[PDB]
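This document opens with one chain alone, in structure tokens, the form deposited in one PDB entry.
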């Protein structure tokens, strides 16, 4: 039992983290970086212990020796009697969404359109969609497929950032952190919702969580589920109720990572931390809820029921799965063995 230093990405995550530190009796304390990549580095240097990551980053960090410790787990149906922490992870659905009013727009007519990506290097926002697109066009010029986009992490003065709005002052345009208006699952969807982009690459849950009154956010309060459509790969368009049969791929859940030599300790702390601030924790909603940040998915996705033990003591390659790891590899060829830092 020593303190665990969590790594927060951006001003908003550091704010939520300090609260968490406050309530934990400093059993958990924070470190901050303007980028996920930066936070990965802090964890290598040993200046930070852990952070929750998207599959795409789990792959970057894995190459540098970091290891998955616990994964996020949401509501399910299968394995009913099984507890949340012991229940296997179901993965999530990567989808392409568009406005229903935008008739005629299909998977086959995306070229030269305007896109909304969660952030460069992420599973549903970048890797899956651009990987399919490169494949399909047999070209690495994915920087010229769309006319304009908002893909946080790309060159600020390039097309891939043309649609990004930066923060409330216009500062930090395209930064890969919640300070970018159109960053992440929620940002990318708002990007489509305000008709800045023609399509948004997010996960199916994002569409449900921000429509039909589920989100009290000004931009989403009058958003209606029937006004959106999913682009399937067979060229069709289906209601967002057919996600199970109209997705680009199923992605591995976001997971908490740490250096291998710190994984056991980080694991210990977090199980006890969610026992206090988890879904039905002792001090939630009473004092602090670890999985609530208000439709902003800070540190953890707001739809996380609990952090689950992995089991099978998976290497980062086995956690992400073999089909996904190859997808990432082939895409990386465009822009084999070596830590990127």
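Rigid core (definition): largest C-alpha set, two forms, superposition within 1.5 Å. Only residues modelled in both forms are compared. Residue numbers count along the first chain shown, from 1.
If you look for the form solved in complex with a partner chain, you will not find it shown, but the lines that follow are about it.
- The closest heavy atom approach of residue 296 to its partner chain in the deposited complex falls outside 4.5 Å.
- Residue contact check for residue 40: one or more of its heavy atoms lie within 4.5 Å of its partner chain in the deposited complex.
- Interface residue remark: residue 292 is not counted as part of the site for its partner chain in the deposited complex, having no heavy atom within 4.5 Å.
- For the chain shown alone, residue 275 is not a contact residue for its partner chain in the deposited complex, no non-hydrogen atom being within 4.5 angstroms.
- Contact check at 4.5 Å (heavy atoms) against its partner chain in the deposited complex: all three of 60, 64 and 329 pass.
- Identified as moving between the shown form and the other one on the superposed core is the stretch 77-79 alone, made of at least three consecutive residues whose Cα atoms shift by 2 Å or more.
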